[PDB]
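Reading through the structure tokens given below for one structure.
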Amino acid sequence: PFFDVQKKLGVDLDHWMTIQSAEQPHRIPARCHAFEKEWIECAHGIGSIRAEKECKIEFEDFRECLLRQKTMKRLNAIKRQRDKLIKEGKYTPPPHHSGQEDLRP
Amino acid sequence: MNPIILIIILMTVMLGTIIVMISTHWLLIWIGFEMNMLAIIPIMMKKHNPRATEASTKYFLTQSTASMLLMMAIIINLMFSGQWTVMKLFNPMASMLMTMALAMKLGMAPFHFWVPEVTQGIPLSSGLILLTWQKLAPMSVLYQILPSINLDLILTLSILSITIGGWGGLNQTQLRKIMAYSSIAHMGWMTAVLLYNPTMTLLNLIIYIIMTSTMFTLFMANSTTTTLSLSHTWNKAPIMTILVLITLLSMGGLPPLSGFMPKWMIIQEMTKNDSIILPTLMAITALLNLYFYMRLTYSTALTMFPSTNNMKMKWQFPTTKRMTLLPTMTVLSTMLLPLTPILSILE
Amino acid sequence: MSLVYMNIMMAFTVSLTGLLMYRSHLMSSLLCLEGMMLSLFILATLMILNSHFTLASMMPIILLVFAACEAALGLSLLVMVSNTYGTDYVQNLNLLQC
Amino acid sequence: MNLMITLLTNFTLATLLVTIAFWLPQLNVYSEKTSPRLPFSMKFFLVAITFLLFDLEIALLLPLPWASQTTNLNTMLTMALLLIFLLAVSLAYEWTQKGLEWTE
Amino acid sequence: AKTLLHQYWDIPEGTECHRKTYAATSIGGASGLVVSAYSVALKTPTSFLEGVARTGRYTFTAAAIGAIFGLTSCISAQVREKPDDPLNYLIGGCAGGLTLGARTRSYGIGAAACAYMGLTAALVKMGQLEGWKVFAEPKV
Amino acid sequence: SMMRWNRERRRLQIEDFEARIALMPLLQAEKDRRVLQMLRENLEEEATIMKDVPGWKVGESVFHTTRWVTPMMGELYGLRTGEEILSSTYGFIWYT
Amino acid sequence: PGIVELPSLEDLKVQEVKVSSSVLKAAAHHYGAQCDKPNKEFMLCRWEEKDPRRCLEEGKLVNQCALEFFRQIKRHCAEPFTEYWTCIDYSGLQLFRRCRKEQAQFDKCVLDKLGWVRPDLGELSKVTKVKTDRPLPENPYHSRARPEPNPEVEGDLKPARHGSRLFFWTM
Amino acid sequence: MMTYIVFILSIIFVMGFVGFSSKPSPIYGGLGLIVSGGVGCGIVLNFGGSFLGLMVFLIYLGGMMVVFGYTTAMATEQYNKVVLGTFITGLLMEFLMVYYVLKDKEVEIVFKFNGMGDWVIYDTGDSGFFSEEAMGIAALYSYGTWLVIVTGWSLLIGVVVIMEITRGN
Amino acid sequence: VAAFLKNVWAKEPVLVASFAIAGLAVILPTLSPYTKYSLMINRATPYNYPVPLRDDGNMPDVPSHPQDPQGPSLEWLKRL
Ligand SMILES: CCCCCCCCCCCCCCCCCC(=O)OC[C@H](COP(=O)([O-])OC[C@H](O)COP(=O)([O-])OC[C@H](COC(=O)CCCCCCCCCCCCCCCCC)OC(=O)CCCCCCCCCCCCCCCCC)OC(=O)CCCCCCCCCCCCCCCCC
Ligand SMILES: CCCCCCCCCCCCCCCCCC(=O)OC[C@H](COP(=O)(O)OCCN)OC(=O)CCCCCCCCCCCCCCCCC
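Residue numbers (the authors' numbering), protein chains in the order written: chain l, 1 to 105; chain N, 1 to 347; chain K, 1 to 98; chain A, 1 to 36, 48 to 115; chain V, 1 to 140; chain q, 48 to 143; chain Y, 1 to 171; chain J, 1 to 79, 86 to 175; chain m, 4 to 83.
So this is what it looks like as structure tokens:
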């Protein structure tokens with residue numbers, strides 16, 4: 001019983017808060033506006049069954065934009081290898097990673 | 001209660017159910033359930049006796065717990081999908097939480113433990129609202145989230161609902177507890193076929209609402225709340241015993257009555273999907289429901305229990321109660337089986 | 001994902017299991033229920049500020065308003081229970097066994 | 001950061017004054033002074060719940076100085092006057108059904 | 001407890017008896033812990049010692065049913081040399097029924113449990129043979 | 048008095064916003080070169096660190112798209128000292 | 001996936017505008033009037049390419065034009081400009097309304113010696129048009145091939161063959 | 001250490017929930033929920049939700065917990087092994103979670119969680135002369151018309167409901 | 004209607020002032036000539052950057068410079 005009254009009458013009751021790519025106040029984009037727009041324009045009209053298999057790549061990019069799990073995993077790997085090399089004495093941090101380089105602008 | 005305030009509160013109950021039905025946003029779904037609960041609490045406390053306060057407190061606790069689990073499922077959906085569309089859920093944990101929350105809002109087993117208490121505690125009209133109108137909004141959400149519902153979970157809930165609603169009414173003499181265990185068993189029937197064909201879910205929902213509305217309207221028209229007070233109906237208005245006979249033989253799933261239609265179409269759509277053991281156990285467990293229905297029919301219509309002498313004064317008075325749609329609901333709950341392919345209007 | 005999300009979810013489960021295990025009082029149950037609401041508020045707010053999704057900034061206020069009206073309704077039920085029985089003990093709410 | 005330092009300073013000064021107010025009159029060892048449910052009002056609960064619901068309506072009303080900056084001023088002005096009107100309708104219904112009585 | 005059923009069913013019938021016996025014992029012990037958890041949930045025991053006594057009693061009862069079921073079925077599959085045969089689980093189900101009659105200290109409950117649990121274990125064996133689905137995946 | 052003064056304050060707000068508009072291209076160019084400087088530094092240090100790791104691709108983007116993704120806070124300030132981390136990541140929130 | 005392609009450090013070297021925010025705020029309106037065209041070419045390239053790596057030459061032209069702007073300020077009107085941005089720099093919110101006489105001095109000397117007119121209220125917030133020579137980006141989101149939709153329905157709706165076909169119901 | 005401030009406040013948040021969920025009394029349960037609301041407000045304030053954290057202090061702790069303590073005073077007398091045992095059980099489970107996620111920088115309770123501080127997931131841009139969260143809450147009136155209608159109607163109905171059910175007639 | 008109005012202004016002046024102030028607040032912005040300028044000031048406040056258009060060849064209403072004559076103007080706001 002999804003009585004779609006909003007499309008039958010042509011009223012916008014709650015479509016506006018539904019997604020991040022909708023019309024925002026003062027044209028503020030979200031942090032994953034482009035990824036969500038790509039996944040929505042992929043999955044539009046094709047149905048959920050075809051969207052589970054044919055829009056997997058855009059949805060994985062968008063989920064990894066939202067949660068940043070692969071990004072934080074990669075940063076964990078880089079930082080753990082860095083601290084391991086400081087522990088072994090095979091590495092020293094450069095002066096642009098120590099705070100003694102008078103930042104750009 | 002003030003009749004204007006009663007009408008405004010009933011419109012708020014209906015409005016909360018409509019807001020769950022029509023909205024495309026999860027926050028509006030949760031708002032609709034909040035509005036529904038908040039407005040149905042005074043309908044349960046209409047008479048202001050301690051059993052209604054106890055029933056309304058237990059109803060509040062269960063529906064509040066369910067609404068918080070529902071908003072948690074919505075929040076994990078916003079985590080793993082970044083959006084609010086009322087459709088499939090993008091996480092099996094959010095699907096489990098929302099299926100639990102909607103099973104609590106229905107009162108399906110093992111979250112059934114509020115339904116006979118709250119149904120016995122409140123009057124027959126508020127019990128009618130609780131057992132018919134309140135089943136519309138969670139079944140609408142389950143109709144909307146069925147591409148993500150775990151099959152094992154919903155079938156476990158369905159068979160546990162059918163078995164517990166079968167064994168519950170076998171020990172009962174109070175009519176509201178019998179109708180509540182009947183509700184648990186029939187919601188098990190409805191959600192057992194949800195992931196196979198939800199049109200048959202809507203068919204079972206409509207036929208169950210008609211039959212339950214018929215039985216609560218007969219109970220209000222006779223002012224009987226126990227089995228033993230229902231027994232004196234043959235000496236007061238003998239047509240009512242015929243109506244409760246045909247309606248209880250309908251609700252047991254006996255052909256040629258139209259209460260056979262939902263469970264037969266459910267078996268018809270579950271054997272298509274190569275499930276044979278599960279509709280067999282469902283159909284065999286429905287005999288418990290039919291057994292306590294037959295207990296009621298023996299006590300009411302097929303035999304004549306002894307009455308008292310003060311019934312002779314009630315012989316001199318007609319029923320002044322507004323028996324709203326009771327012949328219509330009676331004819332629809334019994335003689336609708338030749339019109340069985342009308343179920344395509346729910347497609 | 002983010003580490004704080006684990007803690008807010010675990011706080012929700014703590015107040016869940018506290019709400020799902022009564023000791024004596026009904027007020028303790030309503031406090032666990034509003035702790036569940038508090039964890040929902042925090043977790044929704046951290047998602048919405050985390051994603052810079054502007055329009056859903058009004059969502060946690062609507063959550064707060066509806067569930068605090070729900071809290072007022074539960075406190076009114078508790079008041080009626082305590083006026084009936086003298087205490088807010090949940091073992092006095094036992095007349096619906098028969 | 002400066003706020004957290006200020007909050008901790010205010011809490012520390014408060015706790016220090018509480019420690020002085022409890023322990024400094026315990027220096028002068030005095031004599032040992034050995035010589036030797049509540050009634051419920053519904054009106055207290057109704058003024059508390061009326062406060063709570065009007066505070067929720069205030070929680071709806073608080074972004075109005077930010078809402079006046081919008082480009083949809085007909086809708087904003089309508090919903091602003093509508094929320095303050097529903098707060099007044101809540102107050103009128105609280106009046107006429109004897110809710111504001113004996114704590115008026 | 002799905003992997004308990006996985007490490008039960010994957011082993012061929014009448015090959016490794018102690019492992020099948022411990023797998024069915026673990027399945028029965030888990031089911032007895034579930035029954036004990038609901039029994040101490042809905043019904044309050046009079047103390048902690050009576051509660052853990054009821055818990056251990058139901059757990060050991062269902063574990064003994066599972067143990068004697070798997071043991072009797074594997075020994076019957078060894079002495080009959082018919083591994084894909086439901087009469088082996090019929091004898092195992094009647095052995096578990098006599099076990100439940102020994103634990104509940106009553107003979108007629110044991111005979112009824114023999115009959116109904118033996119037919120139930122036979123039905124489970126035939127469902128393993130022909131591939132009967134109880135939670136059937138939706139296909140049409 | 049409030050009518051005249053709030054109309055003058057709106058005119059002053061529009062003047063300040065036009066100063067912001069006129070400055071935003073220079074600040075956007077500085078911000079672009081800022082984040083590209085920091086990412087090139089992080090990439091060269093990833094190359095000189097992640098050599099002992101078997102099967103590490105330096106600069107492998109975790110997104111399947113080849114579109115420019117906005118750099119995250121940990122992508123820029125992950126290898127830097129905690130003082131600069133706090134000054135970038137809570138500096139505006141903790142400012143007075 | 002693919003290796004991210006960053007520019008070198010030599011692709012990022014440019015002579016910086018090493019002045020404070022109050023210095024930039026003081027000559028902001030003359031910067032918007034005089035440095036219009038390369039700034040708008042850059043912001044059009046920045047909103048169309050959606051990639052700062054595709055905008056480095058436009059940003060370098062922005063930086064060159066800003067440096068020439070402040071050198072053209074410094075040779076003619078350095079002391080009224082210093083008098084003006086010091087008074088802008090005093091205030092915490094850096095109000096323009098607090099410093100109208102130093103603004104009048106700076107705008108007077110700038111109009112008399114450099115011919116620059118400070119823009120009116122409304123002018124810098126106009127949406128202008130930009131004549132570029134670079135091609136329009138054909139796919140700035142790098143969107144791949146879209147999935148083909150499901151086939152629509154067509155044909156006149158004939159009646160159901162022998163009714164409902166529900167076990168024995170002939171209609 | 002100071003980069004982990006939202007994590008420290010979230011651990012204080014979980015410790016406070018284990019505190020009042022042990023339920024020694026609704027009085028101290030209300031106090032524990034007040035302290036928990038304060039530190040969760042600090043969690044909200046450290047992502048940039050200044051208005052929403054002041055909505056915690058002004059609405060949640062400002063009205064609703066006041067009404068809870070008001071009703072606890074009025075419907076309960078003025079003030086164990088199970089309470090303290092479940093408290094130390096929850097504290098030991100939460101500190102074991104802290105120890106695991108700080109020794110491995112990775113954990114899986116139900117989902118996988120990073121072990122670094124949550125400063126990593128912030129944006130590297132600005133919002134200009136506005137707050138995004140403030141303008142999204144200002145959008146309640148311009149864009150959120152139906153939401154205001156249903157919320158104001160639910161509050162009006164809530165006033166009606168409490169005046170009906172507390173009347174006792 | 005004037006006897007009842009004097010009666011309620013004699014008995015309850017607080018409520019009469021309340022309904023009068025609320026009535027002015029309801030009906031008066033539809034009758035004010037300055038309600039249009041509220042909209043005109045709110046939409047002409049530049050919160051974002053005026054992202055320019057690619058000059059295709061036929062856009063005569065869009066200027067090429069801020070000091071060009073064509074485009075939206077705020078002389079009405081300077082004057083009022
Ligand atoms: C130019 C303009 C003018 C043109 C004028 C043309 C017409 C002139 C005559 C005017 C009157 C027309 C009447 C309707 C047309 C004939 C329908 C018919 O006979 O269908 C045969 C129909 C199928 O047989 P057929 O040989 O394949 O078809 C011959 C024709 O081709 C049949 O045609 P078909 O193939 O197109 O039929 C379609 C389909 C063919 O049927 C099927 O596909 C099979 C499925 C039918 C339903 C089966 C449900 C089974 C489970 C529930 C059982 C309920 C309990 C049974 C009764 C209990 C007592 C009430 O029909 C249905 O499914 C409709 C549902 C059943 C209703 C039948 C019509 C009743 C009208 C009068 C109602 C009075 C109350 C009657 C009793 C209530 C129960 C029927 O027979 C049955 O289903 C047997 C049941 C009894 C039918 C009712 C007989 C109608 C006349 C009754 C007069 C006596 C009433 C006594 C007082 C009240 C009772 C105490
Ligand atoms: C349409 C405009 C907007 C309306 C909605 C917004 C209102 C904003 C103010 C909020 C008011 C909230 C509370 C309102 C409650 C009204 C009911 C009421 O108070 O009735 C009781 C009162 C008599 O008081 P009593 O019962 O004796 O109490 C003892 C105190 N001495 O009864 C009375 O005193 C009679 C009160 C009604 C008559 C007041 C008439 C004022 C007319 C002013 C000029 C016209 C203003 C334009 C609007 C049209 C008004 C009809």
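Note that the Cβ used here is the ideal one computed from N, Cα and C, for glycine as well.
- For residue 22(A), the enclosing alpha helix (DSSP H) stretches over residues 2–23.
- A check of alpha carbon separations from residue 168(N) across 201(N), 286(N) and 18(N) identifies 286(N) as the nearest.
- Here residue 65(N) is buried. Its C-beta has 16 or more other C-beta atoms within 10 Å.
- The beta carbons of residue 104(N) and residue 156(N) sit no closer together than 7 Å.
- Around residue 74(m), the beta-carbon contacts reaching into chain Y at under 7 Å are 126.
- Contact annotation: residue 118(V) and residue 90(V) have beta-carbon atoms nearer than 7 Å.
- Proximity of the beta carbon of residue 171(Y) to ligand 1 is indicated: a heavy atom of the ligand is located closer than 6 Å.
- Within chain A, 68, 71, 93, 94 and 97 have C-beta atoms less than 8 Å from the C-beta of residue 158(J), given in sequence order.
- DSSP places residue 112(A) in the coil class of the three-state scheme, outside both helix and strand.
- Minimum Cα-Cα distance from residue 30(l) among the listed residues 174(J), 148(J), 170(J) and 128(J) corresponds to 128(J).
- Separation of the CB atoms of residue 50(Y) and residue 140(Y) is rounded to 5 Å, and the pair is thereby assigned contact status at 8 Å.
- For residue 112(q), the chain l residues whose Cβ falls inside 7 Å of its Cβ are 61, in order along the chain.
- Distances taken from the Cβ of residue 336(N) to the heavy atoms of ligand 1 include none shorter than 6 Å.
- Between residue 56(N) and residue 34(N) a beta carbon distance of about 16 Å is seen, past the 8 Å cut, so the two are scored as non-contacting.
- Apart from sequence neighbours up to five positions away, the residues of its chain that approach residue 31(Y) with a beta-carbon distance below 8 Å are 24, 66 and 69, ordered along the chain.
- Under the three-state reduction of DSSP, residue 5(Y) is assigned to coil, being neither helix nor strand.
- Look at the region 44–65 of chain N: the residues with a C-beta under 7 Å from a C-beta of chain J are 45 and 48.
- Taking a contact to require three or more Cβ pairs closer than 8 Å, the region 70–87 of chain l and the region 53–65 of chain q do not qualify as touching.
- Going by DSSP, residue 119(J) is part of no alpha helix (DSSP H) but of the beta strand (DSSP E) stretching over 118–120.
- Below 8 Å, enough C-beta pairs join the region 246–258 of chain N and the region 333–340 of chain N to call them touching: three or more.
- Residue pairing of residue 114(J) in beta bridges, as defined by DSSP: 118(J).
- Distance from the C-beta of residue 5(m) to the nearest heavy atom of ligand 2 is not below 6 Å.
- A distance criterion of 6 Å places the beta-carbon of residue 56(K) beyond contact range of ligand 2, judged by its closest non-hydrogen atom.
- Residue side-chain check: residue 103(A) places its Cβ nearer than 6 Å to a non-hydrogen atom of ligand 2.
- Within the same chain, and ignoring the five residues on either side of residue 76(V) in sequence, the residues whose Cβ sits closer than 6 Å to its Cβ are 88 and 91.
- Set against 6 Å, the gap from the CB of residue 167(Y) to the closest heavy atom of ligand 1 is not smaller.
- Taking a cut-off of 8 Å for Cβ pairs, the region 10–22 of chain m and the region 13–23 of chain V do not touch, as fewer than three such pairs fall below it.
- Within chain J, no C-beta atom comes nearer than 7 Å to that of residue 90(K); the closest sits roughly 12 Å away.
- Taking all protein chains shown into account, residue 70(J) has 16 or more neighbouring C-beta atoms within 10 Å of its C-beta and is therefore buried.
- For residue 101(A), the chain J residues whose Cβ falls inside 8 Å of its Cβ are 161, 162 and 165, in order along the chain.
- Using a Cβ-Cβ cut-off of 8 Å, residue 79(N) is close to 1, 5 and 47 of chain K, given in chain order.
- Annotation: the continuous alpha helix (DSSP H) that includes residue 92(N) extends over 92–106.
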